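Ideal geometry is used to build each Cβ from the backbone, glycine not excepted, and the neighbour counts take in all protein chains shown. Computed from the coordinates by the stated procedures, all read-outs in this text should not be read as laboratory data.
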Amino acid sequence: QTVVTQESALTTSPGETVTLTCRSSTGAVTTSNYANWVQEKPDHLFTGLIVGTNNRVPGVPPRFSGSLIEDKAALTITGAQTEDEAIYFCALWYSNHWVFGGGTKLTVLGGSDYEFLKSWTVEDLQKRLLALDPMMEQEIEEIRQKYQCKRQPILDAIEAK
Amino acid sequence: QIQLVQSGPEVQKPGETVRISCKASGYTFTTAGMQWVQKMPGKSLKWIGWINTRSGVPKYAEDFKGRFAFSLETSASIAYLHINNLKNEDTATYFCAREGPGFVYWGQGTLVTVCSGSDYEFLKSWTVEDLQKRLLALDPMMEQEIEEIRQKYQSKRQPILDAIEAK
Amino acid sequence: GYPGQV
Ligand SMILES: [Cl-]
């Protein structure tokens, strides 16, 4: 019965502040909803950002913060970066189950900016480079399995003649 | 350093059973609970439940308790999701995610594809020649999707290679 | 507060 509602889409530009909100159809969001914010990038790559209303997950940059504003949970990005273009989902706890919002597609104008990579160590860059290989192979195998399902009814129809 | 690594994609037929694994590293496995989440294609997320890794006691979402079950192999730092009597609507990407409260660290996701075979209805009326043509036409479609993935990942590697080369 | 295993 409870529905959690987020803006379907927002656009920002580099360095702006943007606020995403998360509303409960039961009434006000409170700390007892332990609001979460998580980020999805391609391909179905999720990371945690905030849990428990305002606790920033280790390693998440300080431009992300969580709060309650006017009976909603809110994620504020103070100084958006192009790497923040992603889908943001909230989740609220209601006594005995988690309920997710529908997600907000955040667009960041300005194309791709890779200056952040300059601050990484060569070791961490090499690690990120290698980590792309399992991601790629997983996507390829998923496609193979999609086509296995497309082929099967055709093979069955040929065999049934 | 904390990582959750899930098993690979699975393709199954309705009525079958699947087991998805989630191998944890970089923290003491038994000190934080493991959540499971379903993301149906194009749609948002549903919580399946959690399992307490200290006590083994699970908590399930109502819609999932009949055919979805959690288990642990604590000595291996693995949490499992078991789905029995698969339905077409179970086609989705499944994630494990560590507490908390909620979803702090996420596995990469495991796509379970339940093949419906719903084309078989119309395809049975086709000649073998038309069926064979359709079967063969799937090959360039698949290979072009795969090559597009390869090209997409090449474009993802380049900024990283350039940053390495500038050091 | 939250009854999960944190
Ligand atoms: Cl042909």
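Sorted from longest to shortest, the spans of the Cα atoms of the range A:74-141 along the three principal axes equal 45, 35, 21 Å.
On a per residue basis, the convex hull of the C-alpha atoms belonging to the range B:1-116 measures out at 96 Å³. Calculated [222 nm] ellipticity per residue, helices only, for chain B: -8500 deg cm²/dmol; basis is -39500 (n - 2.57) per DSSP H run with n ≥ 4, divided by all residues, nearest 500. Across peptide B:105-118, the mean count of Cβ atoms from other chains lying within 10 Å of each residue's own Cβ comes to 5.
Neighbours of B:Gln38 by Cβ distance under 9 Å: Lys/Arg scored +1, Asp/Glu scored -1, total +1. A Cβ-based charge dipole, computed about the Cα centre of chain B with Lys and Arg at +1 and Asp and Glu at -1, lands at about 680 debye. Projecting the Cα atoms of B:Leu72, A:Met136, B:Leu135 onto the charge dipole of the protein assembly as shown (Cβ charges, centred on the Cα centre) puts B:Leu72 farthest toward the positive pole.
By the count of other C-beta atoms within 10 Å, a proxy for reagent exposure, B:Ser55, A:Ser65, A:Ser24, A:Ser95 are ordered fewest to most as A:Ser95, B:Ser55, A:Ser65, A:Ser24. For the range B:117-167, a simple Cβ point-charge model (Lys and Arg +1, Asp and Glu -1, everything else neutral) yields a dipole of about 280 debye relative to the Cα centre.
Ordered by the number of other Cβ atoms lying within 10 Å of each residue's own Cβ, fewest first, B:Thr28, B:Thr113 fall into the sequence B:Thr28, B:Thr113. As a proxy for reagent exposure, ranking B:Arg98, A:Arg23 by other Cβ atoms within 10 Å from fewest up yields A:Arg23, B:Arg98. Rounded to the nearest 20, the Cβ-based charge dipole of the protein assembly as shown about its Cα centre (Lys and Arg +1, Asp and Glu -1) stands at 800 debye. Label positions at A:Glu83 and B:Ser55, each projected 7 Å from the Cα along the C-beta direction, are separated by 4.0 nm.
Calculate for chain A the 222 nm mean residue ellipticity that helices alone would give, adding -39,500 (n - 2.57) per DSSP H run of length 4 or more and normalising by residue count, nearest 500 deg cm²/dmol. Calculated from helices alone, the mean residue ellipticity at 222 nm is -8500 deg cm²/dmol. By the compact-protein rule of thumb, 2.2 N^0.38 Å, the alpha-carbon radius of gyration of the protein assembly as shown corresponds to a ratio of 1.08. In the protein assembly as shown, taking the dipole from charged Cβ atoms about the Cα centre, the farthest positive-side position among B:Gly15, A:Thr76, B:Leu161 is held by B:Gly15. If I take all pairs of Cα atoms in chain A, what percentage of them are more than 25 Å from each other? Here the long-distance tail beyond 25 Å is 45 percent of all Cα pairs in chain A.
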